[PDB]
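Please find one structure pasted underneath; my questions will follow.
Here the chain labels run A, B, C, D, E, F, G, H and I in written order, and each chain numbers its own residues starting at 1.
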Amino acid sequence: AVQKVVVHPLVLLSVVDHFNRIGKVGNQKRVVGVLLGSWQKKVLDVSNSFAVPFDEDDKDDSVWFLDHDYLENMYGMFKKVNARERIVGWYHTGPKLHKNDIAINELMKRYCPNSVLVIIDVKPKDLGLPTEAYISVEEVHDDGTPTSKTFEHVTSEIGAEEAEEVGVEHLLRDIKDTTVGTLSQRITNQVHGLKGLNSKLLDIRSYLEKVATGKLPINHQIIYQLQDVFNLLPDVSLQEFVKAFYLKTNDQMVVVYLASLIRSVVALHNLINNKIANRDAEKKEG
Amino acid sequence: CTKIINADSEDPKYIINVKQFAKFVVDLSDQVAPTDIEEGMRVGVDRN
Amino acid sequence: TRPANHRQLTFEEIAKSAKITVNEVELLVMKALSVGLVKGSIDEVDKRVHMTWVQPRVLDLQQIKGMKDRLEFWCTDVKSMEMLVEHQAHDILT
Amino acid sequence: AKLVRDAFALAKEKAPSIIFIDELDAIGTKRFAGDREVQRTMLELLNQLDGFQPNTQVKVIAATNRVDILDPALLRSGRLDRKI
Amino acid sequence: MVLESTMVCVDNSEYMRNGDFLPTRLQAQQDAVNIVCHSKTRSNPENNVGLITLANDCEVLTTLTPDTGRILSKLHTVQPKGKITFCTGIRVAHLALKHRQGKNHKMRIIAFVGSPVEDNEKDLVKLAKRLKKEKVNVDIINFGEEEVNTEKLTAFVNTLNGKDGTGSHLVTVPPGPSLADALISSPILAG
Amino acid sequence: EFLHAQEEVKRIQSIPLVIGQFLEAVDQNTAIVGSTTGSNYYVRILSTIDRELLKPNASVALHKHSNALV
Amino acid sequence: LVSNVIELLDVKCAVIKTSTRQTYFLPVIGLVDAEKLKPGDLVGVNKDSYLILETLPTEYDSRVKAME
Amino acid sequence: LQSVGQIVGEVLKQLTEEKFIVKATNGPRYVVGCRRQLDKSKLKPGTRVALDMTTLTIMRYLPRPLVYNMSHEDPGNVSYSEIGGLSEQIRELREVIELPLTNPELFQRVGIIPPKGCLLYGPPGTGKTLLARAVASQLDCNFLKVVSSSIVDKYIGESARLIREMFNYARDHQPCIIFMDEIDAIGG
Amino acid sequence: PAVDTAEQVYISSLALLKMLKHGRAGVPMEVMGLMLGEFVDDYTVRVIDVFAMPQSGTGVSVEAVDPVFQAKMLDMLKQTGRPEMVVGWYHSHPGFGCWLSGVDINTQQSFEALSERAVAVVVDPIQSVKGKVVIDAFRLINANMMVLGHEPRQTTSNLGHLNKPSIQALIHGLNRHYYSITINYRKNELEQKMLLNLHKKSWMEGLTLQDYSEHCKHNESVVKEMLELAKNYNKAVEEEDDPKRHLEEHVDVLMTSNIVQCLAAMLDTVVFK
């Protein structure tokens, strides 16, 4: 297993360019490329990637072609340029994985036993996390269920290398928000958090509706981890919690009041100084 | 020229000592002949 | 079966349900907590066992329907507060 | 120190080598910023003396007009010991 | 001398695990691909050949490369423990052929049918009609245990090219001790 | 833009930095500092550093590229 | 750039003292064999990457050679 | 080939949880930061580290002539059998030294600081250091006989740096068991 | 005719990131690579993509432009669907500044031999410090035109807004041999947002609460500083007939911290019940 997959900005920019390059003329679904990177104790660092010519057929969901020799000699070239980059997975721009992806993941496993495929939804721009890292697992499913391939999910995040960091910061240079935050951006962060929580709850509710209506089978497991979500509610309005909450709210409110008083006194002093200055100028004019 | 390496008398290599800068393993330019550059004498080297 | 707000359990209900003496419920909940299926606490002056859960279970169609209704209520509350926050903080938002 | 090490290495390369160190008062002066470099040279020489031990064919003779100036660490036991 | 791309389709199903031909069908088919690719490439050194397997999968172990050595390389250690899926084999063969590097090479498909084909008649006839509409030539040759002179296969090759076409052959092999000499007399010399 | 400029000002005094010896103040936002490289440089001073901490002997940290006291 | 290997540590890695009187570390030793190396060896390394390119035979200074 | 060497540096002082002061072996000192996956506990004032040559970040730490080139004078394998005709002297050395080595707790039992100055005065060349090496090998304790350098204290050339070398080089780094050279110089 | 000062190079975001990453990776050694794209017109140089090439011992020079690697990568990228033509070459000058040396001059005329409008791009990786990308584009002017009373490039417009160049280029003879080309990075809206995804905080960060035991200590500290500042402000105002700015900054910090923490607390209390 893999604890994490940190994706550099270079690979997402490269997959964006690859999808734009292919779909500009070849209107097609997911475009497949290979993701290189460096390992760690357990966390993968995806650093560079390339595109492999791939074709697919919507019929039989198995008529596809991802080149073998192309992958091999792109890696030859990349290793010659930089030998630290190892094949660590592959990517496709399709928002959803296809029935076909199992074969491509096995083909990648032939090049890397712990191969992890990263879905990068280039077309949509949304709440966040445009990368989803998935790993193939194989087990008897413990609790006596028929076995299948399945793609276990591994968490992903977007990190950056110093050169990539300065590159991207200079690349934006027009919408980058202040890192200090300030009240407006903290409030917008809070609103964004509320929106994200609402979206996640809506997705979970849709999944639960699908399960209840029978359109999806009851997982019988992990669903009770969602039940664990339901149990973890803090249960506010408890007397001790209410008293502590009021105590800390007043502790913050007194500091807010002191700062507001400080600011008001400073503003009054500034206004007195300005009135004195303008009267001094008016009387000195004569 | 501190020493003549003489790997195979075809790619001989030459260890030189740049006063106090460093010491290096270089080859002669095509202008001069290997027999004209004996061990121990002082020679001019390009800066690159 | 507790309504998740009054999670505290009285002694008499345990004694009458498991048909065991009121001096054995204490040791029974102790054993359950020790095994790793309960993460609550035990009181004695009121003898109300505080309850918290880390041991989930299997669901059912009716239970799933009810709990997704609860989740719908939760998401409706979240949406209502988000709407209130964006409406009140429109100018500061930027 | 590099000169001392290279001279001792050249003595090693030839099997029957005799090193002759004349005027040991120069580098064998007792320690007390050229003193630092002189100490480096003398300690490299001392290490070279401490190097060979299996009655190797390399043997060293030191000549000096002054013994008071000479560092007593040079005499020692595993170093120049035959005070002729 | 004709520019063409050869997209061979070999078999490694379990039905190749009985000594009907030679020591076993594996080496028979290996030498068969050897000689057919030899004929194609000494006929024209500017051509290129590749191989797809068909046992329960369809791998592209060798793409369309002029150097026959890679095809000979991946023809080895084929480990015949699979099942033939002819419906997707020819489809993936054409889908790899459309990746042709040269735009002047002509179509040519060779598939190694050693196992009976479990395909709908309508499916194979529509595959042949699609090949007609895409102008792809396919030659099917049969080995081992097989319903001799398959009606489905003969209809497939008949409607592969009708009304005085080039005549993509449906070649059958005589059971027992027999090499591809019959497979090179008629099919290899003229397609 | 002012917040961005302050962020850049903070980014100026970022790792790595070169230790030197503050030789002598010359005027406001200007001084002479003896770097550990072995050379003395006439450099500028960021307004952020208080002018009272610059003792004629206290060590200072300078920008690697421009050698300016940061 | 000729240098003297001060020591070789495991983690297959070597510490290099260049003739420019500069001491660097090398996680990998380069194009020579670590087994065929020992402290005090003279090795020609790259001038920029400071990676050992070749091993060099023992060299004697001109004064040392004239010392004989 | 793609690898690039790293400068060797010494950590003078720990500035913050992420800032260090490191001086190159033959270069200036820079304020740098640790790479990431390193133990800041290992990065103490006095440790040898490997700065990256471009960002100067501490990539890794390294284990650490000099004046101590004449300090050591290890006892060797000299044992009791080599020394002859010092039975009473050997017993005196045991009764004086073995208790501080073997049983330091008896001094706490009685409640007194261990005896430090034991003078084995006598003609040189009679086996004084031989006796010391013999008892050292009996307890297998590292006998660090003083060879002045890195242990000179009274030598009036330097006052406190020599004190620092005396203390730190022995006892702290090397466990115990000391001696002194110029055996009659400072005693007189 | 003569080129125009209005000519500019359009570097895609991916191309710029690739060049900066390669320059940092090859440090301290100098790297080089081709610059795929299309000239499109006279006044534009669209650098769609750049791919690195293996490093050779000769450094950035013509012998390090191995045609086997270049040709294979070009035809095979065009096989993937990237049929661009070489428009120039990028190379790294760590700690040197954006300028062309003599060897770069030889490489640039070798590049102009097959493509007249080739561009030599210089990047300083170490100097490309956070918030500052030191990148420049050059094209050689032969001595024949500029000696013969001819301006190296006509300024048909006001696009010569390019500020006074770094004096390092002046010492290294910028205008004597290679006219610099003004730069203009081309950024799409998709790549802009999906580069924004780098530092974007997660939704759980907005609703999270700072450590309450830490918030109290921060409040104590800043309020005590405000007390010292109030003493200084009283002394300054009384002795009048910079405590004010420091006091205002401390007030801003305190108010934003406490207000944000309180509002997060209320949102969490309502949302999770």
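As a convention for this text, contacts are C-beta pairs under 8 Å (C-beta built on N, C-alpha and C of every residue); 3 or more make two chains touch, one makes a residue touch a chain.
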Steps in the shortest chain-to-chain touch route ending at chain H and beginning at chain D: 1
Pair of chains ranked first by number of touching C-beta pairs: A-I
Chain C and chain E: spacing of chain centres that average the CA atoms, whole Å: 66
Gap in Å, rounded to a whole number, between the CA centres of chain C and chain A: 32
Centre distance in Å when chain E and chain I are each reduced to the mean of their C-alpha atoms: 55
Residue numbers of chain A (touch at least two other chains): 53, 70, 82, 162, 182-183, 187, 190-191, 194-195, 197, 233, 235
Residues within chain B bordering two or more other chains: none
Where chain F touches two or more other chains at once, by residue number: none
Every chain pair in contact, whichever chains are involved: A-C, A-E, A-F, A-H, A-I, B-G, C-I, D-G, D-H, F-H, F-I, G-H, G-I, H-I
List of chain D residues in touch with chain H within their complex: 1, 31-32, 39-40, 43-44, 46-47, 73
Touching residues (chain side chain G, partner chain I) in the complex: 48-49
Chain H-touching residues of chain F, taken from the complex the two chains share: 15-19, 35-38, 61, 64
Parts of chain I lying in touch with chain A, wherever the complex brings them together: 12-14, 16-18, 20-25, 48-49, 52-55, 69, 72-73, 76, 79-82, 125, 128-133, 185, 187-188, 190-198, 200-208, 212, 215-216, 219, 223, 226, 230, 237, 244, 247-248, 250-251, 254-256, 258-265, 267-269, 271-273
Interface residues, chain A side, partner chain H - complex: 40, 82-84, 162
